[PDB]
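S.K.:
4 protein chains.
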Amino acid sequence: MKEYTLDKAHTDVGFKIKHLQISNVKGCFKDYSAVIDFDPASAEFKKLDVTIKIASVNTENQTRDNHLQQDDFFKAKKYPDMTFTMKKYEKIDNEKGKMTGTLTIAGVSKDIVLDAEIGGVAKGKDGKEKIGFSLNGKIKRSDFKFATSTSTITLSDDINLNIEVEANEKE
Amino acid sequence: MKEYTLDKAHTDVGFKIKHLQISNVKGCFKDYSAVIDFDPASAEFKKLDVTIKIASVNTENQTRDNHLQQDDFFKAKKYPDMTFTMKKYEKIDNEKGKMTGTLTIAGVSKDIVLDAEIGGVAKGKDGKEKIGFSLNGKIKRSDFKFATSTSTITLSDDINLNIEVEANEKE
Amino acid sequence: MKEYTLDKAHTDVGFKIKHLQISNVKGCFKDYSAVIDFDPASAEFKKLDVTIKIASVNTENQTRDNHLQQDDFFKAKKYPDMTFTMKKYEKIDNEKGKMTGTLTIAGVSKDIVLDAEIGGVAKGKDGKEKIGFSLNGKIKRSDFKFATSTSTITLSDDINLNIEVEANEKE
Amino acid sequence: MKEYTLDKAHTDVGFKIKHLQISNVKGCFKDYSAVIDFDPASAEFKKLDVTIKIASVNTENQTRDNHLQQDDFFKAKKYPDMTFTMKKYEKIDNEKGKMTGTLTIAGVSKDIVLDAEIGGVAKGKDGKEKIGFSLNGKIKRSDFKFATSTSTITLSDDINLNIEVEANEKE
Ligand SMILES: *Cc1c(C)c(=O)n2c(=O)c(C)c(C)n12
Ligand SMILES: *Cc1c(C)c(=O)n2c(=O)c(C)c(C)n12
Ligand SMILES: *Cc1c(C)c(=O)n2c(=O)c(C)c(C)n12
Ligand SMILES: *Cc1c(C)c(=O)n2c(=O)c(C)c(C)n12
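Residue numbers (the entry's author numbering), protein chains in the order written: chain V, 21 to 191; chain S, 21 to 191; chain D, 21 to 191; chain H, 21 to 191.
1. Does any C-beta atom of chain S lie closer than 9 Å to the C-beta of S162(H)?
2. Anything in chain H within Cβ reach of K38(D), meaning under 8 Å, just list it in chain order.
3. Please list, in chain order, the chain H residues whose beta carbon lies closer than 8 Å to that of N182(D).
4. Could you run through the segment 112-127 of chain D and flag, in chain order, every residue whose CB is less than 8 Å away from some CB of chain V?
5. Between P100(D) and the rest of its own chain, which residues show a CB-CB distance below 7 Å, the 5 nearest in sequence each way excluded?
6. Hey, would you say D178(H) sits closer than 9 Å to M21(D), going by beta carbons?
7. Taking C-beta pairs closer than 9 Å, name the residues in chain B that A136(S) reaches, listed in chain order.
8. For chain V, find out if any of its Cβ atoms is closer than 9 Å to the Cβ of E23(S); answer yes or no.
9. Going by alpha carbons, who is nearest to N180(S) out of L26(V), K28(V) and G34(V)?
10. Kindly identify the DSSP beta-bridge partner or partners of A142(S).
11. Quick check on DSSP: helix, strand or coil for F94(V)?
12. What is the rounded straight-line gap between the Cα of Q89(H) and the Cα of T31(D)?
13. Cβ closer than 9 Å: which chain H residues qualify as neighbours of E191(S)?
14. Let me check you understand the geometry: is the CB of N156(D) closer than 8 Å to at least one non-hydrogen atom of ligand 4?
15. Would you please state the rounded distance, in angstroms, between the beta carbons of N188(H) and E149(H)? I believe it to be under 8 Å.
16. Give me the Cβ distance between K130(D) and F164(D), rounded to the nearest whole Å; I'm assuming they're in contact under 8 Å.
17. Apply the 10 Å Cβ neighbour rule to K118(H) and answer buried if 16 or more other Cβ atoms are within range, or exposed otherwise.
18. How about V185(H): is its Cβ closer than 8 Å to a heavy atom in ligand 3?
19. Let me know the alpha helix (DSSP H) ranges lying completely inside the segment 61-119 of chain V, each 4 residues or longer, listed in chain order.
20. According to DSSP, which residues form a beta bridge with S53(S)?
21. With a threshold of 9 Å between beta-carbons, can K158(S) be considered close to chain H, or not?
22. Going along chain D in order, which residues have a C-beta closer than 9 Å to the C-beta of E110(V)?
23. Quick check on the burial criterion: 16 or more other C-beta atoms within 10 angstroms. Buried or exposed for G121(H)?
24. Any beta-carbon of chain V closer than 9 Å to the one on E149(S)?
25. Tell me, to the nearest whole angstrom, how far the beta carbon of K36(H) is from that of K46(D); I am working on the premise that it is less than 8 Å.
26. Is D146(H) close to ligand 3? I mean its beta-carbon at under 8 Å from any heavy atom of the ligand.
27. May I ask you to report which of helix, strand or coil DSSP gives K46(H)?
28. Which term fits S53(D), buried or exposed, when burial requires 16 or more other beta carbons within 10 angstroms of its beta carbon?
29. Could you tell me which chain D residues have their CB closer than 8 Å to the CB of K66(H), listed as they occur along the chain?
30. Apart from the five residues on each side of it in sequence, which residues of its chain come closer than 7 Å, Cβ to Cβ, to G139(S)?
31. So that I know if they touch, is there some Cβ in chain S lying closer than 9 Å to that of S62(H)?
32. How about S169(H): is its C-beta nearer than 9 Å to some C-beta of chain V?
33. Could you name the residues of chain S that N188(V) contacts, counting a contact when the two beta carbons are closer than 7 Å?
34. Can you name the residues of chain V whose CB is closer than 9 Å to the CB of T172(D)?
35. List, in order along the chain, the chain H residues whose C-beta lies closer than 8 Å to that of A54(D)?
36. Of all the CB atoms in chain H, is at least one closer than 9 Å to the CB of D59(D)?
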């Protein structure tokens with residue numbers, strides 16, 4: 021038997037423990053087109069049709085964006101774009117209204133409600149019109165059989181849509 | 021009715037989705053004492069007794085370290101230190117053995133097994149002894165009624181102990 | 021050395037593995053009062069005020085219901101009831117409208133929107149009025165600093181309100 | 021305007037909230053073979069070789085058992101059996117020892133340690149030998165690239181092996 025004294029400089033009293041953390045993935049699409057028909061006399065949308073190129077997704081991260089295009093997500097080879105088609109605008113007042121339309125994600129279609137909030141209807145620098153408005157609503161991955169392989173535990177069933185639009189008059 | 025064209029520079033087609041991520045919290049204790057009795061003729065530990073100052077915890081983060089000291093964790097005001105007491109060393113060979121001892125965390129005591137691996141028994145620069153060895157094992161938060169408020173979902177029930185020791189002879 | 025043959029009847033080749041499962045807690049309150057003012061000529065709510073006795077909660081389970089009353093939840097000793105007060109009814113059509121009001125849970129108050137759907141406005145068996153309607157909306161635990169100790173991982177931040185009402189005319 | 025009184029018998033003040041729950045999946049294999057060589061004079065295992073038919077899995081549930089056989093798990097069509105091969109038995113005392121061996125799951129092989137505990141070495145009713153012993157240890161899904169599609173969040177990375185054996189002498 022013999023007696024020792026730790027050399028504290030090269031000794032290490034250590035532990036490891038696993039925990040979970042919840043976080044929001046935020047992201048946009050860099051490339052989309054839309055058609056916007058709006059009557060400032062009555063503050064009613066007449067036609068709103070959007071097409072979004074799935075390929076142009078951006079969640080501030082290279083390898084996750086790529087991964088979004090694969091079979092377990094968007095299948096962008098087979099279904100290159102997602103689309104929104106307004107079917108009904110129900111006015112609340114001049115600042116607010118309830119938009120119903122058809123969303124299509126990878127060829128599956130469902131009718132959704134978005135909350136229209138008019139941010140401000142003006143006549144621009146040049147005397148030609150502008151508008152600023154937002155569309156907000158929650159959709160369920162499950163309603164579109166989207167990412168069915170990924171559990172509703174790992175990644176939430178709810179997707180929050182925030183569409184913020186500024187827009188100018190035509191011709 | 022009127023027609024508009026998005027100004028893409030001040031338009032934003034966006035989404036938010038919540039996901040979980042699993043991660044390891046790694047950490048040591050900066051301040052501890054020990055008593056080490058070891059026989060290099062037979063590669064057997066004779067006595068090993070450790071005291072660790074809960075206060076000296078370090079998980080590379082200021083606010084979590086503080087939080088560790090509160091009631092939902094260590095209760096460091098009432099129970100300032102955790103202790104380990106060897107009761108039995110069962111030799112496997114000269115490099116390996118099974119250590120049984122009493123761990124006490126916030127006044128609750130349980131007997132644990134650590135896996136002793138001898139990293140190397142030498143005579144130093146000056147002809148006085150050194151040893152290098154490690155102690156490894158898993159303990160359960162639940163066995164010590166530790167952090168009982170925190171679910172075994174958020175933070176894992178299993179804690180992995182890695183004690184890495186270098187140490188020199190005495191007097 | 022010697023050779024053996026398993027007795028398969030008293031041998032057992034076994035394993036244990038931990039998994040997570042997500043589930044909905046559904047529940048009502050058995051005891052509440054309300055005041056309901058409604059104009060069938062215009063299908064508009066005029067006043068809607070509800071008080072709910074936290075004590076009367078029922079989620080088909082004895083020990084969880086009790087647990088709901090404690091500090092980590094409702095604090096029913098100090099705050100025996102939750103209340104809803106309509107501030108605005110914005111009509112969509114005769115079947116649909118957007119209700120804004122003040123919800124108070126354990127003394128914290130926030131303004132919420134419920135989705136009013138009129139299930140049917142009739143004159144009853146006796147020639148005195150009836151109505152059937154529903155109120156639906158999502159509120160956030162976090163907006164009411166509710167159950168702050170419980171993580172948004174274990175128990176979801178979102179609570180879904182489904183109020184289904186049948187109701188008869190007065191005096 | 022008009023006044024109403026809830027009919028409480030057909031009114032319902034309700035809510036839904038999502039929570040997580042952790043649970044152990046326990047299970048065995050109904051069909052396996054083994055070869056057991058053991059020396060009661062020295063209480064040492066000499067050879068232990070096990071083959072388990074993946075097909076014979078039982079976790080008290082029909083549809084999960086089927087699901088275990090598919091690509092995201094066992095791939096039982098391609099890899100019908102898992103195997104264990106002892107390489108080393110290191111004796112602790114007569115009741116305890118450390119077993120090292122090769123586990124193969126769907127064609128991937130890793131060396132594991134099991135904790136041998138001898139439950140009792142006897143001579144049976146007829147004067148021919150019996151033994152009762154257990155093998156216990158934790159293996160990591162990740163070490164065997166097992167169920168790689170399933171996250172370590174949903175289903176734990178750690179699998180706990182409990183092998184309980186009774187066994188009689190040969191010829
Ligand atoms: C002791 C110590 C410090 C300072 C550190 O950063 N870490 C770790 O990451 C571990 C695992 C240990 C122990 N330590
Ligand atoms: C469009 C876009 C970019 C480039 C970005 O970083 N983020 C976000 O964080 C959100 C929520 C959105 C939309 N975008
Ligand atoms: C073998 C077996 C059966 C049939 C069963 O129900 N269970 C369990 O619950 C475990 C842990 C094991 C092994 N088995
Ligand atoms: C009011 C009530 C009872 C008694 C019940 O079982 N449930 C549910 O499951 C819901 C969703 C509600 C409301 N209630």
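Cβ coordinates follow ideal geometry from the N, Cα and C atoms, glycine included.
M.R.: Taking the coordinates as given:
1. As a working note, residue 162(H) is residue 142 in the fourth sequence. Chain S, which has no Cβ nearer than 9 Å to the Cβ of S162(H), makes this no.
2. In the third sequence, the residue the question calls residue 38(D) occupies position 18. By Cβ distance, chain H contributes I42, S43, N44, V45, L175, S176 and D178.
3. Here residue 182(D) is taken as the residue at index 162 of the third sequence, counted from 1. In chain order: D32, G34, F35 and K36.
4. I112, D113, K116 and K118
5. Within the third sequence, numbered from 1, the residue matching residue 100(D) stands at position 80. So the qualifying residues of the chain are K73, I74 and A75.
6. Locating residue 178(H) in the fourth sequence gives position 158, where the first residue counts as 1. Locating residue 21(D) in the third sequence gives position 1, where the first residue counts as 1. Taking 9 Å as the Cβ cut-off, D178(H) and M21(D) do not qualify as a contacting pair.
7. In the displayed structure, chain B is absent; the protein chains listed are V, S, D and H.
8. For the purposes of this step, residue 23(S) is identified with residue 3 of the second sequence, where counting begins at 1. Yes, because at least one Cβ of chain V sits closer than 9 Å to the Cβ of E23(S).
9. Numbered from its first residue, the second sequence carries residue 180(S) at position 160. Checked all of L26(V), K28(V) and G34(V); the closest Cα to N180(S) is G34(V).
10. Numbered from 1 along the second sequence, position 122 holds the residue referred to as residue 142(S). Answer is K150(S).
11. Position 74 of the first sequence, counting from 1, holds the residue named residue 94(V). Reduced to three states, the DSSP call for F94(V) is coil.
12. Translated into the one-based positions of the fourth sequence, residue 89(H) becomes position 69. Translated into the one-based positions of the third sequence, residue 31(D) becomes position 11. Roughly 23 Å separates the two Cα atoms.
13. Taking the first residue of the second sequence as position 1, residue 191(S) is located at position 171. The premise fails here: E191(S) is roughly 34 Å from chain H at the closest Cβ pair, so nothing lies under 9 Å.
14. By 1-based counting over the third sequence, the position of residue 156(D) is 136. Flag unset: Cβ of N156(D) not near ligand 4.
15. For the purposes of this step, residue 188(H) is identified with residue 168 of the fourth sequence, where counting begins at 1. For the purposes of this step, residue 149(H) is identified with residue 129 of the fourth sequence, where counting begins at 1. Confirmed, Cβ separation roughly 7 Å.
16. Indexing the third sequence from 1 puts residue 130(D) at position 110. Indexing the third sequence from 1 puts residue 164(D) at position 144. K130(D) to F164(D), Cβ: 6 Å. Contact.
17. The residue you call residue 118(H) lines up with position 98 of the fourth sequence. Burial call: buried.
18. By 1-based counting over the fourth sequence, the position of residue 185(H) is 165. Checking the Cβ of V185(H) against ligand 3 gives no.
19. 82-89
20. Taking the first residue of the second sequence as position 1, residue 53(S) is located at position 33. Note: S53(S) sits in a beta bridge opposite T71(S).
21. Counted from its first residue, the second sequence places residue 158(S) at position 138. Interface residue, yes.
22. Taking the first sequence and counting its residues from 1, one reaches residue 110(V) at position 90. The answer, in chain order, is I112, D113 and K116.
23. Position 101 of the fourth sequence, counting from 1, holds the residue named residue 121(H). Answer is buried; the Cβ neighbour count reaches 16.
24. Mapped onto the second sequence, residue 149(S) falls at position 129. It does: the Cβ of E149(S) has a partner Cβ on chain V nearer than 9 Å.
25. Looking up residue 36(H) in the fourth sequence gives position 16. Looking up residue 46(D) in the third sequence gives position 26. Indeed, because the Cβ distance is near 5 Å, the residues count as touching under 8 Å.
26. Translated into the one-based positions of the fourth sequence, residue 146(H) becomes position 126. Flag unset: Cβ of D146(H) not near ligand 3.
27. On the fourth sequence, position 26 is the one that residue 46(H) refers to. The answer is strand: DSSP assigns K46(H) an E or B state.
28. Locating residue 53(D) in the third sequence gives position 33, where the first residue counts as 1. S53(D) is exposed by the Cβ-count criterion.
29. Counting from one through the fourth sequence, the residue named residue 66(H) turns up at place 46. Neighbours of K66(H) on chain D, chain order: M21.
30. Locating residue 139(S) in the second sequence gives position 119, where the first residue counts as 1. Cβ within range, chain order: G152, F153 and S154.
31. Here the question's residue 62(H) lines up with position 42 in the fourth sequence. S62(H) does not count as touching chain S.
32. The residue given as residue 169(H) occupies position 149 in the fourth sequence. Closer than 9 Å to some Cβ of chain V, the Cβ of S169(H) qualifies, so yes.
33. In the first sequence, residue 188(V) corresponds to position 168, counting from 1. Ordered by position in chain S, the residues that pass the 7 Å Cβ test against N188(V) are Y24, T25 and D27.
34. Within the third sequence, residue 172(D) is the residue found at index 152, counting from 1. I42, listed in chain order.
35. Here residue 54(D) is taken as the residue at index 34 of the third sequence, counted from 1. Correct list: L26.
36. Here residue 59(D) refers to the residue found at position 39 when the third sequence is read from its first residue. It does; some Cβ of chain H falls within 9 Å.
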